[PDB]
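start.cif follows; it contains mmCIF, C-alpha atoms and all ligand atoms.
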data_data
loop_
_atom_site.label_atom_id
_atom_site.label_comp_id
_atom_site.auth_asym_id
_atom_site.auth_seq_id
_atom_site.Cartn_x
_atom_site.Cartn_y
_atom_site.Cartn_z
CA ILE W 1 -7.31 67.08 9.05
CA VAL W 2 -7.28 70.87 8.85
CA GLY W 3 -8.51 73.01 11.77
CA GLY W 4 -8.94 69.96 14.04
CA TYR W 5 -7.24 69.06 17.28
CA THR W 6 -4.96 66.39 18.77
CA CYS W 7 -7.20 63.52 19.80
CA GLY W 8 -5.07 62.22 22.62
CA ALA W 9 -3.36 58.89 22.48
CA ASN W 10 -5.74 56.02 21.84
CA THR W 11 -9.00 58.00 22.28
CA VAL W 12 -10.21 56.77 18.81
CA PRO W 13 -9.49 53.07 19.46
CA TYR W 14 -11.07 51.83 16.19
CA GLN W 15 -8.79 54.01 14.03
CA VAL W 16 -6.35 52.20 11.81
CA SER W 17 -3.32 53.32 9.67
CA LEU W 18 -2.71 51.29 6.41
CA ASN W 19 1.02 51.16 5.79
CA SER W 20 2.90 49.96 2.72
CA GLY W 21 6.28 51.10 4.06
CA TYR W 22 4.71 54.47 5.10
CA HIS W 23 1.22 55.56 6.18
CA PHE W 24 -0.99 56.14 3.12
CA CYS W 25 -4.67 55.76 4.36
CA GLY W 26 -6.76 55.42 7.49
CA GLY W 27 -9.33 52.71 8.15
CA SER W 28 -11.79 51.49 10.83
CA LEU W 29 -11.69 48.18 12.78
CA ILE W 30 -15.21 46.65 12.67
CA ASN W 31 -14.36 43.37 14.49
CA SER W 32 -11.14 41.45 15.42
CA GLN W 33 -10.46 40.23 11.85
CA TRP W 34 -11.87 42.98 9.55
CA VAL W 35 -11.24 46.62 8.61
CA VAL W 36 -13.25 48.88 6.24
CA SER W 37 -11.47 51.70 4.36
CA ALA W 38 -11.89 53.39 0.98
CA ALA W 39 -11.57 51.50 -2.31
CA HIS W 40 -9.32 54.31 -3.64
CA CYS W 41 -6.80 53.31 -0.94
CA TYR W 42 -6.49 49.85 -2.60
CA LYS W 43 -2.88 48.64 -2.73
CA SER W 44 -1.35 45.21 -2.81
CA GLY W 45 0.96 44.63 0.24
CA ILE W 46 -0.81 46.39 3.10
CA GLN W 47 0.10 46.10 6.80
CA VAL W 48 -2.64 47.31 9.17
CA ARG W 49 -1.38 49.12 12.26
CA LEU W 50 -3.71 49.26 15.30
CA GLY W 51 -3.21 51.18 18.65
CA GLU W 52 -1.42 54.02 16.97
CA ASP W 53 -1.15 57.56 18.05
CA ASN W 54 2.35 58.80 16.88
CA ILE W 55 2.94 56.82 13.63
CA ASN W 56 6.66 57.43 13.58
CA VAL W 57 7.29 56.22 17.13
CA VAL W 58 6.63 52.78 18.67
CA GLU W 59 5.06 53.82 21.96
CA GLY W 60 4.02 50.34 23.17
CA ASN W 61 0.27 49.96 22.28
CA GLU W 62 0.54 48.90 18.67
CA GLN W 63 -0.39 45.75 16.80
CA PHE W 64 1.01 45.53 13.13
CA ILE W 65 -0.88 42.80 11.20
CA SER W 66 -0.68 42.01 7.48
CA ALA W 67 -3.79 41.78 5.36
CA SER W 68 -4.66 38.28 4.03
CA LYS W 69 -7.09 39.74 1.47
CA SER W 70 -8.78 42.95 0.28
CA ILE W 71 -12.24 43.18 -1.36
CA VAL W 72 -13.09 46.34 -3.20
CA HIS W 73 -16.80 46.96 -3.59
CA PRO W 74 -18.08 45.18 -6.80
CA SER W 75 -19.48 48.49 -8.19
CA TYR W 76 -16.64 50.88 -7.28
CA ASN W 77 -16.10 53.42 -10.09
CA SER W 78 -12.62 55.03 -9.74
CA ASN W 79 -13.64 57.80 -12.09
CA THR W 80 -16.58 59.17 -9.96
CA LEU W 81 -15.56 57.46 -6.70
CA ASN W 82 -19.08 56.09 -6.41
CA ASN W 83 -19.04 53.07 -3.93
CA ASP W 84 -15.69 54.01 -2.48
CA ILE W 85 -15.46 51.31 0.18
CA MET W 86 -13.19 48.27 0.64
CA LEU W 87 -12.91 45.50 3.29
CA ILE W 88 -9.51 44.18 4.48
CA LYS W 89 -9.27 40.86 6.38
CA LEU W 90 -6.37 40.48 8.77
CA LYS W 91 -3.99 37.59 8.78
CA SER W 92 -4.46 37.17 12.55
CA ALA W 93 -7.29 38.44 14.71
CA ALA W 94 -6.36 41.57 16.57
CA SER W 95 -6.31 41.55 20.42
CA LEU W 96 -9.01 44.05 21.42
CA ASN W 97 -8.42 46.00 24.59
CA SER W 98 -8.92 49.62 25.74
CA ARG W 99 -6.59 50.99 23.06
CA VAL W 100 -7.86 48.75 20.25
CA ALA W 101 -11.66 48.49 19.95
CA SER W 102 -14.02 48.00 16.95
CA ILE W 103 -16.76 50.44 15.93
CA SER W 104 -20.34 49.45 15.32
CA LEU W 105 -22.06 49.56 11.95
CA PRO W 106 -25.22 51.71 11.73
CA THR W 107 -28.77 50.37 11.91
CA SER W 108 -30.11 53.40 9.96
CA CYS W 109 -28.58 56.44 8.16
CA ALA W 110 -27.98 59.65 10.09
CA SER W 111 -29.73 62.92 9.69
CA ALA W 112 -28.31 66.09 8.35
CA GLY W 113 -27.27 68.12 11.40
CA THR W 114 -25.87 65.17 13.34
CA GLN W 115 -22.37 66.02 14.66
CA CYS W 116 -19.70 63.44 13.87
CA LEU W 117 -16.06 62.80 14.75
CA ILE W 118 -13.53 62.55 11.82
CA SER W 119 -9.93 61.54 12.51
CA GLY W 120 -6.69 60.84 10.68
CA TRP W 121 -3.01 61.58 10.10
CA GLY W 122 -3.60 63.56 6.93
CA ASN W 123 -2.43 66.98 5.81
CA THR W 124 -3.29 69.83 8.16
CA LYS W 125 -2.85 72.85 5.79
CA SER W 126 -5.36 73.86 3.06
CA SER W 127 -2.75 75.74 1.06
CA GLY W 128 0.47 73.80 1.78
CA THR W 129 1.66 70.45 3.08
CA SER W 130 2.17 69.67 6.81
CA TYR W 131 1.81 66.05 7.86
CA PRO W 132 1.34 65.37 11.61
CA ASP W 133 2.73 62.35 13.44
CA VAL W 134 -0.12 62.15 15.98
CA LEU W 135 -3.79 61.69 15.21
CA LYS W 136 -5.96 64.66 14.70
CA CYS W 137 -9.73 64.87 15.31
CA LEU W 138 -12.43 67.11 13.97
CA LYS W 139 -16.11 67.37 14.92
CA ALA W 140 -18.25 68.27 11.92
CA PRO W 141 -21.95 67.97 11.18
CA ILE W 142 -23.52 66.17 8.27
CA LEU W 143 -24.78 68.74 5.77
CA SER W 144 -28.06 68.56 3.85
CA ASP W 145 -27.91 66.86 0.48
CA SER W 146 -28.98 70.08 -1.18
CA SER W 147 -25.91 71.99 -0.04
CA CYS W 148 -23.75 68.94 -0.93
CA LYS W 149 -25.22 68.75 -4.42
CA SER W 150 -25.02 72.51 -5.11
CA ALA W 151 -21.25 72.51 -4.17
CA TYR W 152 -20.63 69.56 -6.44
CA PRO W 153 -23.31 69.56 -9.25
CA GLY W 154 -23.66 66.23 -11.09
CA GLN W 155 -21.03 64.57 -8.85
CA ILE W 156 -23.00 63.40 -5.77
CA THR W 157 -24.73 60.00 -5.78
CA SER W 158 -27.07 58.49 -3.18
CA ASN W 159 -23.94 56.65 -1.76
CA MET W 160 -22.25 59.90 -0.70
CA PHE W 161 -22.96 62.67 1.83
CA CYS W 162 -21.07 65.85 2.74
CA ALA W 163 -19.99 66.80 6.24
CA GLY W 164 -18.18 69.95 7.30
CA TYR W 165 -18.45 73.73 7.15
CA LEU W 166 -19.45 75.69 4.01
CA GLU W 167 -17.40 78.62 5.29
CA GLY W 168 -14.25 76.39 5.03
CA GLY W 169 -11.52 76.19 7.69
CA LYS W 170 -12.18 72.73 9.11
CA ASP W 171 -12.15 69.56 6.94
CA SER W 172 -10.51 66.18 6.30
CA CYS W 173 -7.78 66.18 3.55
CA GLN W 174 -5.47 63.79 1.69
CA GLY W 175 -3.83 61.25 4.01
CA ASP W 176 -7.17 61.03 5.86
CA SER W 177 -8.77 58.91 3.04
CA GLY W 178 -10.37 55.66 4.28
CA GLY W 179 -10.72 57.02 7.79
CA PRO W 180 -13.84 57.10 9.95
CA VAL W 181 -16.70 59.59 10.41
CA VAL W 182 -18.49 58.30 13.60
CA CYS W 183 -21.84 59.84 14.58
CA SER W 184 -23.78 58.66 17.63
CA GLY W 185 -21.48 55.64 18.19
CA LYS W 186 -21.87 54.28 14.64
CA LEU W 187 -19.53 54.33 11.67
CA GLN W 188 -21.55 56.41 9.19
CA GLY W 189 -18.88 57.48 6.70
CA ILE W 190 -15.49 56.98 5.09
CA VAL W 191 -13.21 59.86 4.05
CA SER W 192 -13.52 59.81 0.24
CA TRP W 193 -12.90 63.07 -1.60
CA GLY W 194 -13.28 66.86 -1.76
CA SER W 195 -12.14 69.91 -3.82
CA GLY W 196 -8.89 70.83 -2.06
CA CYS W 197 -9.19 70.98 1.74
CA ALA W 198 -11.11 73.41 3.95
CA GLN W 199 -12.04 75.57 1.01
CA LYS W 200 -15.17 77.67 1.24
CA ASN W 201 -18.28 75.96 -0.26
CA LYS W 202 -16.23 72.80 -0.87
CA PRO W 203 -17.06 70.42 2.12
CA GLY W 204 -15.63 66.87 2.31
CA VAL W 205 -17.52 64.04 0.65
CA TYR W 206 -17.88 60.75 2.46
CA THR W 207 -18.96 57.18 1.50
CA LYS W 208 -22.46 56.67 3.08
CA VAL W 209 -21.85 53.46 5.04
CA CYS W 210 -25.48 52.86 6.03
CA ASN W 211 -26.10 51.77 2.39
CA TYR W 212 -23.51 48.93 2.58
CA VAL W 213 -24.23 47.16 5.85
CA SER W 214 -25.82 44.07 4.17
CA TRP W 215 -22.93 43.87 1.67
CA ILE W 216 -20.40 44.15 4.55
CA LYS W 217 -22.12 41.61 6.76
CA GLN W 218 -22.58 39.13 3.88
CA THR W 219 -19.05 39.57 2.63
CA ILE W 220 -17.34 39.09 6.00
CA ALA W 221 -19.40 36.00 6.85
CA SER W 222 -18.36 34.37 3.54
CA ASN W 223 -14.62 35.16 3.76
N1 LIG W 301 -11.75 68.22 1.10
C1 LIG W 301 -11.59 67.03 1.61
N2 LIG W 301 -12.19 66.64 2.69
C2 LIG W 301 -10.73 66.12 1.04
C3 LIG W 301 -9.74 66.37 0.13
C4 LIG W 301 -9.05 65.22 -0.26
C5 LIG W 301 -7.99 65.18 -1.18
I1 LIG W 301 -7.31 66.84 -2.12
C6 LIG W 301 -7.38 63.96 -1.49
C7 LIG W 301 -7.82 62.79 -0.91
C8 LIG W 301 -8.86 62.83 0.01
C9 LIG W 301 -9.47 64.04 0.32
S1 LIG W 301 -10.82 64.33 1.45
CA CA W 302 3.48 54.51 17.01
#
So that I can check it, write out the structure of this file as structure tokens.
Amino acid sequence: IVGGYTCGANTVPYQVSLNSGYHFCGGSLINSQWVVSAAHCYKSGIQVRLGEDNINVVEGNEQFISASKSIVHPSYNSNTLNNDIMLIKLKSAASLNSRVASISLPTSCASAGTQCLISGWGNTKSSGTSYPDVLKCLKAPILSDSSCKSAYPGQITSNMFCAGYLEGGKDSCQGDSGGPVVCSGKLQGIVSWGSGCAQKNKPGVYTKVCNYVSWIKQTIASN
């Protein structure tokens, strides 16, 4: 996250870190046994870490659970990143408490202008590499599809939306992939892609979760 701030330990209780020997993507806990993240974060051998704040230090509120299975969306296209969402089932059901909570799925899509909260342990420099050990947060509004489409002509589908600042400066970045974009208490997006980080006229692009709620609900009830 570039131009964001330290969240504070366990203030984003639904945030997850996917680890395959190191942190590689973020994710969201939607219920005791399931996590949603980005399909481009797909890896075999994932361990989900809940109640994290500093990922290099065991502070006492963590739960490390291995995934029993991963389901990438049936129509995910790794070339355009269209339908960049994946569900991960845990081997054991997590113990929810004040530091580990699930986020709710949306009932409808959000409007351009709605302010959202984006969080993750990704890179914090636009030009450079600086990886934080504590969670970073960023408040950013959803942008209109027109400004999203003009920034990225022929690359935006109806399953993607942009959020951020066209002037640059604040944005999600690599290492944040799979993480949550929560607006009004609902998980509305997943960190998917962008052209560099915090660049001017290059906002972040997020998976539009409101379009996958039936697929998520149907898939988790059958697995
Ligand atoms: N501009 C952005 N918000 C992003 C940039 C990236 C990059 I570069 C890699 C992976 C994910 C993301 S999100
Ligand atoms: Ca830790």
Do a neighbour search on residue W:185 at 10 Å with all atoms listed in the file, toss out local chain neighbours closer than 6 positions, and write the hits as an mmCIF file with C-alpha atoms, in the coordinates of the input.
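Listed below is the output, selection_27.cif:
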data_model
loop_
_atom_site.group_PDB
_atom_site.id
_atom_site.type_symbol
_atom_site.label_atom_id
_atom_site.label_comp_id
_atom_site.auth_asym_id
_atom_site.auth_seq_id
_atom_site.Cartn_x
_atom_site.Cartn_y
_atom_site.Cartn_z
ATOM 1 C CA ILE W 103 -16.760 50.440 15.930
ATOM 2 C CA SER W 104 -20.340 49.450 15.320
ATOM 3 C CA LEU W 105 -22.060 49.560 11.950
ATOM 4 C CA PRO W 106 -25.220 51.710 11.730
ATOM 5 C CA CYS W 116 -19.700 63.440 13.870
ATOM 6 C CA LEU W 117 -16.060 62.800 14.750
#
How close does stretch 134-196 of chain W get to stretch 22-28 of chain W? List, as a tab-separated table, each residue of stretch 134-196 of chain W within 9 Å, its nearest atom pair and the distance in Å to one decimal, counting only C-alpha atoms.
residue	atom	partner	partner_atom	distance
W:174	CA	W:25	CA	8.5
W:175	CA	W:25	CA	5.6
W:176	CA	W:26	CA	5.9
W:177	CA	W:25	CA	5.3
W:178	CA	W:26	CA	4.8
W:179	CA	W:26	CA	4.3
W:180	CA	W:28	CA	6.0
W:187	CA	W:28	CA	8.3
W:190	CA	W:27	CA	8.1
W:191	CA	W:26	CA	8.6
Would you save the residues from that selection as a PDB file, keeping the file's coordinate frame, using C-alpha atoms?
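Printed below is part_36.pdb as written:
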ATOM      1  CA  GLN W 174      -5.470  63.790   1.690  1.00  0.00           C
ATOM      2  CA  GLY W 175      -3.830  61.250   4.010  1.00  0.00           C
ATOM      3  CA  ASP W 176      -7.170  61.030   5.860  1.00  0.00           C
ATOM      4  CA  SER W 177      -8.770  58.910   3.040  1.00  0.00           C
ATOM      5  CA  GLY W 178     -10.370  55.660   4.280  1.00  0.00           C
ATOM      6  CA  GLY W 179     -10.720  57.020   7.790  1.00  0.00           C
ATOM      7  CA  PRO W 180     -13.840  57.100   9.950  1.00  0.00           C
ATOM      8  CA  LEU W 187     -19.530  54.330  11.670  1.00  0.00           C
ATOM      9  CA  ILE W 190     -15.490  56.980   5.090  1.00  0.00           C
ATOM     10  CA  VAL W 191     -13.210  59.860   4.050  1.00  0.00           C
TER      11      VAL W 191
END
10 Å contact set for residue W:200, only C-alpha atoms, chain neighbours under 2 positions out, as a PDB file with C-alpha atoms, in the coordinates of the input:
ATOM      1  CA  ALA W 151     -21.250  72.510  -4.170  1.00  0.00           C
ATOM      2  CA  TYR W 165     -18.450  73.730   7.150  1.00  0.00           C
ATOM      3  CA  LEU W 166     -19.450  75.690   4.010  1.00  0.00           C
ATOM      4  CA  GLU W 167     -17.400  78.620   5.290  1.00  0.00           C
ATOM      5  CA  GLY W 168     -14.250  76.390   5.030  1.00  0.00           C
ATOM      6  CA  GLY W 169     -11.520  76.190   7.690  1.00  0.00           C
ATOM      7  CA  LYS W 170     -12.180  72.730   9.110  1.00  0.00           C
ATOM      8  CA  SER W 195     -12.140  69.910  -3.820  1.00  0.00           C
ATOM      9  CA  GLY W 196      -8.890  70.830  -2.060  1.00  0.00           C
ATOM     10  CA  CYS W 197      -9.190  70.980   1.740  1.00  0.00           C
ATOM     11  CA  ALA W 198     -11.110  73.410   3.950  1.00  0.00           C
ATOM     12  CA  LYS W 202     -16.230  72.800  -0.870  1.00  0.00           C
ATOM     13  CA  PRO W 203     -17.060  70.420   2.120  1.00  0.00           C
TER      14      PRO W 203
END
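One finds atom CA of residue W:127 at 25.5 Å from atom CA of residue W:84.
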Expected selection as number ranges by chain for ligand CA 302 (chain W) within 7 Å, all atoms listed in the file: W: 52-59, 62
Residue nearest residue W:130 - candidates W:83, W:207, W:2, W:220, atoms counted: all atoms listed in the file: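 Distance minimum relative to residue W:130 lands on W:2.
Atom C6 of ligand LIG 301 (chain W) sits 23.2 Å away from atom CA of residue W:112.
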Separation of atom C7 of ligand LIG 301 (chain W) from atom CA of residue W:87 in Å: 18.5 Å
Shortest interatomic distance to ligand LIG 301 (chain W) - which of W:205, W:181, W:93, W:160, counting all atoms listed in the file: W:205
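Here the question is which of W:18, W:209, W:138, W:48 gets nearest to ligand LIG 301 (chain W) using all atoms listed in the file, and that residue is W:138.
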